[PDB]
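See below for the structure under consideration.
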Amino acid sequence: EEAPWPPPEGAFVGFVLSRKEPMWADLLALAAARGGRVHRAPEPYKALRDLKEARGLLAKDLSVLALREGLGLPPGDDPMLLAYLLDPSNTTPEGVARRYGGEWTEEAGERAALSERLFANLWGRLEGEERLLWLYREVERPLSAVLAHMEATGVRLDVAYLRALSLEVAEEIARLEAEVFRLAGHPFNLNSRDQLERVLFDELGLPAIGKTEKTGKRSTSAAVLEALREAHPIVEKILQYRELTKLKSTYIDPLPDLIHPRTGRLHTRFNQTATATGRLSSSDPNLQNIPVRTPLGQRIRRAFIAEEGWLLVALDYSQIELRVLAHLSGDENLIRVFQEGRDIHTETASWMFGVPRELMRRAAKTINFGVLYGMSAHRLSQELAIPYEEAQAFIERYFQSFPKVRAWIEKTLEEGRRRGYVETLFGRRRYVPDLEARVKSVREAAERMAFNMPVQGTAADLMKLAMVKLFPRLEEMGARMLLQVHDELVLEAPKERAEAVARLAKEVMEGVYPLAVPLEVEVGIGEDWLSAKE
DNA sequence: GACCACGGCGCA
DNA sequence: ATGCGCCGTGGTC
Ligand SMILES: Nc1ncnc2c1ncn2[C@H]1CC[C@@H](COP(=O)(O)OP(=O)(O)OP(=O)(O)O)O1
Ligand SMILES: [Mg+2]
Ligand code: NA
Ligand code: NA
Ligand code: NA
Ligand code: NA
């Protein structure tokens with residue numbers, strides 16, 4: 001079925017890259033398949049100009065590359081998106097191909113023919129599934145195009161700043177290390193958890209708290225060291241060393257080396273079919289886990305800056321998962337809190353009775369989260385420095401204040417056992433087979449994954465939809481969408497329009513989809529990521 | 001050179 | 001006793 005290039009319109013494209021990252025890859029081959037007929041392009045780059053849309057497996061990748069080359073080529077249909085909506089465990093072409101009667105190879109033609117077959121088989125599986133079809137048409141397909149532009153745009157990084165920070169951090173690392181060696185009486189590789197384990201529990205007299213999952217080594221995790229804070233002066237220094245070496249090795253050092261030559265900016269990949277809940281993920285580099293919670297983290301956030309003459313706009317959905325929970329469960333007390341414009345964490349702790357709003361909120365905050373994950377009392381203790389007794393109680397009072405949440409959890413599990421899957425507000429599905437496992441530990445783990453999904457997944461849907469609606473508006477205002485961090489959006493705007501952009505973006509996000517409770521958005525504007533988050 | 005399992009930890 | 005992706009160590013091929 002070999003015909004000369006070019007191919008008819010609407011043909012499924014197949015491409016081969018020298019590496020997985022579209023912004024860094026050489027385009028090795030380009031082929032298209034239509035009516036079982038395969039066309040292979042003599043010169044991939046030149047041939048790119050003939051396409052008016054990228055339709056096929058991993059379409060966003062080819063689109064990102066086209067944008068890199070100055071071509072306005074939009075991603076279209078992608079069988080990966082259909083498969084992922086059918087079952088979120090469909091995360092790769094290799095896995096998908098197998099499951100649905102194909103073979104993911106390394107040739108552009110075969111890949112183009114794989115795309116065709118796969119789209120047929122998957123689309124047919126989606127007839128009658130009108131809610132998934134809605135997700136595909138109204139969210140995932142348009143979203144892929146938005147993500148393609150975010151990836152091609154990238155974000156500006158202050159390299160000189162990071163270079164200087166690295167040298168300072170290094171100095172502090174050496175001092176902590178030297179001190180650790182002093183307390184240990186001898187040098188050793190502090191980055192080796194095995195060597196550290198012997199030092200702490202064999203050479204020093206320190207008690208071993210917990211063991212590691214796979215190999216049963218005496219754990220040296222932060223949880224363990226924290227609980228060992230005042231059993232010996234050395235552990236305190238090890239925690240500081242760990243924080244500093246984590247951020248230096250993971251962010252401070254690698255990021256400056258990843259700046260693209262043409263753009264002078266940092267380009268991440270927004271993976272659209274990689275999670276079980278419907279969230280995006282970010283990789284190569286991951287810009288969804290840039291530090292922020294510690295002073296040194298905040299200093300790292302400062303490295304992310306606006307282009308000169310522009311500003312960063314950062315928008316954050318307040319407590320979106322709790323709000324989704326209020327809607328899903330219908331809990332009146334919970335809904336009331338939000339509709340009255342109250343702050344749940346300050347309200348939730350108010351039910352340490354006798355205080356409308358005086359007491360630490362980070363406890364009520366720790367609790368609310370613990371509810372989302374199925375956290376047990378024993379965990380609240382370590383995560384609150386509170387005796388096991390006062391933890392188990394804190395949890396019971398919660399389900400008294402918010403009864404319908406428990407009812408919703410129970411109902412979600414029961415339905416999940418029935419149908420074999422649970423679903424988001426919009427109908428996104430996750431299959432959770434182990435709900436009927438006969439080992440309690442396995443069964444209950446499955447239950448936590450099961451009831452968390454509708455909460456995490458609805459919040460993901462709301463944000464995705466918000467991005468879809470917001471993107472066209474930004475273009476008209478001459479603004480850029482840069483990053484998404486699950487419940488946050490980071491935009492780039494010309495200094496003069498930043499304020500106007502902030503108003504608009506905020507409103508679009510808050511109105512994305514009216515629920516039983518309002519969606520509130522914190523918005524900030526600044527020269528860098530740190531100052532943009534108020 | 002590439003890849004692996006593990007423990008560990010950054011963010012939502 | 002939620003969801004990700006990346007790091008160094010210790011290791012194979
Ligand atoms: N330590 C932690 N453990 C688990 N999940 C966490 C977490 N920190 C954040 N998350 C996830 C779970 C939900 C989300 C919470 O985001 P915020 O941290 O900003 O807390 P918010 O609800 O906004 O309270 P406010 O900011 O008003 O004090 O991030
Ligand atoms: Mg917040
Ligand atoms: Na499955
Ligand atoms: Na990509
Ligand atoms: Na997955
Ligand atoms: Na990688």
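Throughout, protein chains are lettered first and strands after them, A, B, ... in sequence-line order, and every chain is numbered starting at 1. Every heavy atom of this structure was used, including side-chain atoms; hydrogens, water molecules and symmetry mates were not.
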Exercise. Which is true for A:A445 with a 4.0 Å heavy-atom rule: it touches a base, it touches only sugar-phosphate, or it touches nothing?
Worked result: nothing
Seminar exercise, completed: Closest of C:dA1, C:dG5, B:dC11 to the A:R293 side chain is B:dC11
For this session: Take the angle between the ring planes of A:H260 and A:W24 and call it parallel below 30°, perpendicular above 60°, tilted in between.
Result: tilted
Exercise. Just how far, in rounded Å, is P of B:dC9 from CD1 of A:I252?
Worked result: 17 Å
Problem set entry | Aromatic ring pairing A:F369/A:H345, orientation class (parallel under 30°, perpendicular over 60°, tilted between) | perpendicular
Exercise. With a non-hydrogen cut-off below 4.0 angstrom, is A:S441 in contact with a base, only sugar-phosphate, or nothing?
Worked result: nothing
Exercise. Under 4.0 angstrom, heavy atoms only, what part of the nucleic acid is A:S219 near: base, sugar-phosphate, or nothing?
Worked result: sugar-phosphate
For this session: Measure centre to centre between the rings of A:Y398 and A:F394, then say whether the value is under 6.0 Å.
Result: no
For this session: Write down the distance between NZ (A:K217) and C1' (C:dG8), rounded to a whole number of angstrom.
Result: 13 Å
Exercise. Out of B:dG10, C:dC4, B:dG7, which nucleotide sits closest to the side chain of A:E243?
Worked result: B:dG10
Problem set entry | Residue met sooner reading DNA chain C from 5', once A:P254 and A:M449 are mapped to nucleotides | A:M449
For this session: Taking only the side-chain heavy atoms of A:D194 (C-beta and beyond), determine which of C:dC4, C:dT9, C:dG10 contains the nearest atom.
Result: C:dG10
Exercise. Any side-chain N or O of A:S221 less than 4.0 Å from the OP1 or OP2 oxygen of B:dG7?
Worked result: no
Exercise. Does a side-chain N or O from A:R193 land closer than 4.0 Å to OP1 or OP2 of B:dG7, or not?
Worked result: no
Problem set entry | Length of the line joining A:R428:CZ and C:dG3:P, which is rounded to integer Å | 15 Å
For this session: Measure from CD1 on A:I320 to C1' on B:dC11 and round the result to the nearest Å.
Result: 16 Å
Seminar exercise, completed: Against the side chain of A:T220, the closest entry in B:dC6, C:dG5, B:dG8 is B:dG8
For this session: Would you mind classifying the nucleic acid contact of A:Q195 as base, sugar-phosphate or nothing, using non-hydrogen atoms under 4.0 angstrom?
Result: sugar-phosphate
For this session: Go through C:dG3, B:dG7, B:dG10 for me and flag the one nearest to the A:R279 side chain.
Result: C:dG3
Problem set entry | A:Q456, nearest nucleotide to its side chain (from C:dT2, C:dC4, B:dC6) | C:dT2
Exercise. Rounded to the Å, how far apart are A:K248 NZ and B:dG10 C1'?
Worked result: 17 Å
Problem set entry | Over-ring placement of A:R406 relative to A:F399, 6.0 Å and 45° cut-offs | yes
For this session: For A:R269, answer base if it contacts any base atom (sugar-phosphate contacts may also be present), sugar-phosphate if it contacts only those atoms, and nothing otherwise; contact means non-hydrogen atoms under 4.0 Å.
Result: nothing
Problem set entry | side-chain N/O A:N286 vs B:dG10 OP1/OP2, d < 4.0 Å | no
Seminar exercise, completed: Whole-Å distance, A:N271 CG to C:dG3 P, equals 17 Å
Exercise. Across the strands shown, which category fits A:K246 at heavy-atom distances under 4.0 angstrom: base, sugar-phosphate, nothing?
Worked result: base
Exercise. Can you tell me if NZ on A:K469 sees more than 12 non-hydrogen neighbours from other groups inside 6.0 Å?
Worked result: no
Problem set entry | Minimum-distance nucleotide to A:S249 side chain [options: B:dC9, B:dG10, C:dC7] | C:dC7
Problem set entry | Atom-to-atom span, CG of A:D487 to P of C:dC4 - whole angstrom | 16 Å
Exercise. So, is A:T250 close to the C:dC7 phosphate, meaning a side-chain N or O under 4.0 Å from OP1 or OP2?
Worked result: no
Exercise. Out of C:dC4, C:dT2, C:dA1, which has the shortest distance to the side chain of A:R430?
Worked result: C:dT2
For this session: May I have the distance from A:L489 (atom CG) to B:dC11 (atom P), rounded to whole angstrom?
Result: 19 Å
For this session: Would you mind telling me which residue lines up with the more 5' stretch of DNA chain C, A:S192 or A:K20, judged by nearest nucleotide?
Result: A:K20
Exercise. For A:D26 and A:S18, what are the C-alpha separation, side-chain angles and deciding distance, and is it a side chain to side chain donor-acceptor pair (under 3.5 Å)?
Worked result: CA-CA 5 Å; A:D26 187 17; A:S18 64; 5.4 Å; no
For this session: Tell whether A:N289 reaches the base of B:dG10 with its side chain through a donor-acceptor pair below 3.5 angstrom.
Result: yes
Problem set entry | More than 12 heavy atoms from other groups under 6.0 Å of CZ on A:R438 | no
Problem set entry | Which nucleotide in C:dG5, B:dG7, B:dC9 has an atom nearest any side-chain atom of A:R242 | B:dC9
Exercise. Under the side chain to side chain donor-acceptor pair (under 3.5 Å) test, which residues partner A:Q195, sequence neighbours left out?
Worked result: none
For this session: For A:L280, report the nucleic acid contact type (base, sugar-phosphate, nothing); a contact means any heavy atom under 4.0 Å.
Result: nothing
Seminar exercise, completed: Looking only at C:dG5, B:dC11, C:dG3, the nucleotide nearest the A:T275 side chain is C:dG3
For this session: Report the pucker family of B:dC9 (north if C1'-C2'-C3'-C4' is positive, south if negative).
Result: south
For this session: Using a heavy-atom cut-off of under 4.0 Å over every strand shown, decide if A:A222 touches base, sugar-phosphate, or nothing.
Result: sugar-phosphate
